[PDB]
Ligand code: NI
Ligand code: NI
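Shown next as structure tokens:
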């Protein structure tokens, strides 16, 4: 595969002579040392979720290159698939989905807000590892973060901000004309298909375990909603093992729940394969995605839907999101009231510079999107309490 | 010997023993707790451990390039990763302040010490297995013995003074079985030399000497950047303390580059400061080699350590001393530790007043079982030792 997929947007820095690491190992190190990644500890934290996703992602790849050796060379290296799972959630705003909706509404006339768009914007521009190119990651890694590789102009709509079109053009630059015109038509790269599967499996299964010990789900509710749906989900392993897994998850002993969680995770990984994308792509990274076997896919959706209605769709969480979304709107209206006097001094400078292109609002949105919940509340207390 | 890959206790899992140790540590509750221990600063013990791990793998890469003789002996990436991810697992709430309190409250029951606690967590407390903690491979455990002696080998009397109750360093006597297991494939001559004192132990394995250097480099440099932007050190204090001492430290690179390094650190631009940090880190890494240990050790993991070049050692010691003088030994940090040590001592005295009634039920049950051996206090100590600051603050409020 083309060495253009290993390239960075800028070559000003020179790799040290003693440094024999791959471009993707350097990408992983950049993300791990970045302020955006460290913030995931505030946001079982988002950093914990991303570490689990990285381990599943490398487990998926290891499993695929055993069942399909022909693709051993095509598949992402361990440090690349790690990089996409450590970076995938850096763009989420304070207060999760409540934060996203507020920011999107406050930007309704200036490009909106969306978390995956924000991830792309952080790594290509906001993280100041370089002065002008963010973390300046290699092209293939950047392509792996484009879960929706079209512009938003084409709840927020998934896409890339128009203010980042230059860096999106750079990422897709080595693709032939027709591959680019299919991409905007729903479509994603192989590496990103793997990262997505790792993220869902981690969400479905690893949120579930401490939901049990915290008492947020009792055995009756697991049997009534998840365990019954899985006995009829159509995959033979789950229909066979569901009863035995339900007793391990409610064992009350960690060394038994761990065997259940490990068994569920492993069953999902072994049901993933590379199949051809069903469209006339020429580039191998868009012609193939990783897919989970459909029945095993049904079981994953039972786990995802179950964790969402008993961990997320409960009033204690939903009231916190309502608070968060009111709180974010308060900050946005105050800061845009007089940005130059209320923003931190450095952010005020970027706002002045950004106003020559009438992008002052995107700067305020960047600033809020990068706050933790503790930072936003304290800022809210400084402006209103 | 393959005995170093053995544990105390799937078809498609073709990972090395050290890759499995890394995954266990990454998944452990003990590791996740390091995230807890108006700006946007989020440097934790967890981030400190990731940076140490990345320096550790870089150290191994430099040794395998300059000293091929040692390529079979040096630790794999995941083994050095595992030792840096775990090195800070045993630290109690409130850092040294917590440690002083627990040690004083355990004065008659084996004491408390963070490295001992780290050994105790991975060999027993973390409930990944029923009876052997994370059940790590023998060589990984050996890499964690920064002080491979018992606290019986390594009393103060008489408001509390920090100097009087800083713990000796070593392994708890109640974990002797798991220590005996780790040292089992050693000849008697290596074993009686390993517990030799300089009381302060003198020796450690090659894997652990590498982790110690990576930890020391991480502590020295990666605290330094945020100290500068938070205003905890001014340009003037950097010149008088660090820069002047580095101009006379004896290493030519630092004497040559200090002037330009100081202007880059105070540039005010992250993309410039990182190049100073990267160059300091790289200058330190590239100055490490494996040499023989000055003791007639027979086992190769004990006959060789990694050492930093001495003049380079002075530069590292200037940086470590500087972060201690302007980031740690400041009244703002020390009062937080005094408060924490008063807090830890309150929890211990209340909980030991009646453990069955006040402990959470699961910990109360462990306390009852442990009283058959009269080791109840260590159970209270493990419980307090595994709290975060926030959990301890909440428990304290429920009690006072
Ligand atoms: Ni995610
Ligand atoms: Ni450390």
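Residue numbers (the UniProt record's numbering), protein chains in the order written: chain A, 5 to 47, 60 to 170, 192 to 222, 237 to 436; chain B, 6 to 14, 20 to 47, 55 to 171, 176 to 179, 185 to 224, 234 to 435.
Backbone N, C-alpha and C define an ideal beta-carbon position, used for all residues, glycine too.
Within 9 Å (strictly less), CB to CB, does residue i reach chain A?
i	result
residue 42 (chain B)	yes
residue 55 (chain B)	yes
residue 33 (chain B)	yes
residue 304 (chain B)	yes
residue 64 (chain B)	yes
residue 425 (chain B)	no
residue 171 (chain B)	no
residue 269 (chain B)	no
residue 398 (chain B)	no
residue 209 (chain B)	no
residue 364 (chain B)	no
residue 172 (chain B)	No coordinates are present for residue 172 (chain B), because the numbering of chain B runs from 171 directly to 176.
residue 78 (chain B)	yes
Between residue i and residue j, how many whole angstroms is the CB-CB distance? I'm expecting something under 8 Å.
i	j	result
residue 159 (chain B)	residue 198 (chain B)	Residue 159 (chain B) to residue 198 (chain B), Cβ: 17 Å. No contact.
residue 154 (chain A)	residue 204 (chain A)	Residue 154 (chain A) to residue 204 (chain A), Cβ: 13 Å. No contact.
residue 362 (chain A)	residue 258 (chain A)	6 Å
residue 286 (chain A)	residue 96 (chain A)	Incorrect: roughly 29 Å between the Cβ atoms, too far for contact.
residue 255 (chain B)	residue 354 (chain B)	4 Å
residue 128 (chain B)	residue 176 (chain B)	Rounded, the Cβ-Cβ distance is 10 Å, inconsistent with contact.
residue 282 (chain B)	residue 290 (chain B)	6 Å
residue 156 (chain A)	residue 10 (chain A)	7 Å
residue 114 (chain B)	residue 360 (chain B)	Not confirmed; about 18 Å, so no contact.
When the cut-off is 9 Å and only beta carbons count, does residue i lie next to chain B?
i	result
residue 145 (chain A)	yes
residue 67 (chain A)	yes
residue 311 (chain A)	no
residue 317 (chain A)	yes
residue 401 (chain A)	no
residue 37 (chain A)	yes
residue 71 (chain A)	yes
residue 46 (chain A)	yes
residue 337 (chain A)	no
residue 367 (chain A)	no
residue 30 (chain A)	no
residue 60 (chain A)	yes
residue 100 (chain A)	no
residue 341 (chain A)	no
residue 274 (chain A)	no
residue 430 (chain A)	yes
residue 321 (chain A)	yes
residue 82 (chain A)	yes
residue 166 (chain A)	no
residue 299 (chain A)	no
residue 380 (chain A)	no
residue 422 (chain A)	yes
residue 222 (chain A)	no
residue 406 (chain A)	no
residue 280 (chain A)	no
Classify residue i as buried or exposed, calling it buried when 16 or more other Cβ atoms lie within 10 Å of its own Cβ.
i	result
residue 236 (chain B)	buried
residue 139 (chain A)	buried
residue 152 (chain B)	buried
residue 4 (chain B)	Missing from the structure shown is residue 4 (chain B); chain B here goes from 6 to 435 and no further.
residue 329 (chain A)	exposed
residue 145 (chain A)	buried
residue 148 (chain B)	exposed
residue 19 (chain A)	exposed
residue 284 (chain B)	buried
residue 365 (chain A)	exposed
residue 27 (chain A)	buried
residue 208 (chain B)	buried
residue 213 (chain B)	exposed
residue 264 (chain A)	exposed
So, is the C-beta of residue i closer than 9 Å to a C-beta in chain D?
i	result
residue 22 (chain A)	Included in the structure are the protein chains A and B, with no chain D among them.
Continuous alpha helix (DSSP H) assignments of at least 4 residues falling wholly in the region 359 to 390 of chain B: 366 to 386
When you get a sec, list the residues whose CB is within less than 5 Å of any heavy atom of ligand 1, chain order please. A:105 and A:250
Runs of 3 residues minimum, wholly inside the region 284 to 330 of chain A: which ones carry the beta strand (DSSP E) assignment? 323 to 327
What runs of the alpha helix (DSSP H), each 4 residues or longer, lie entirely inside the region 111 to 159 of chain B? 112 to 122 and 131 to 137
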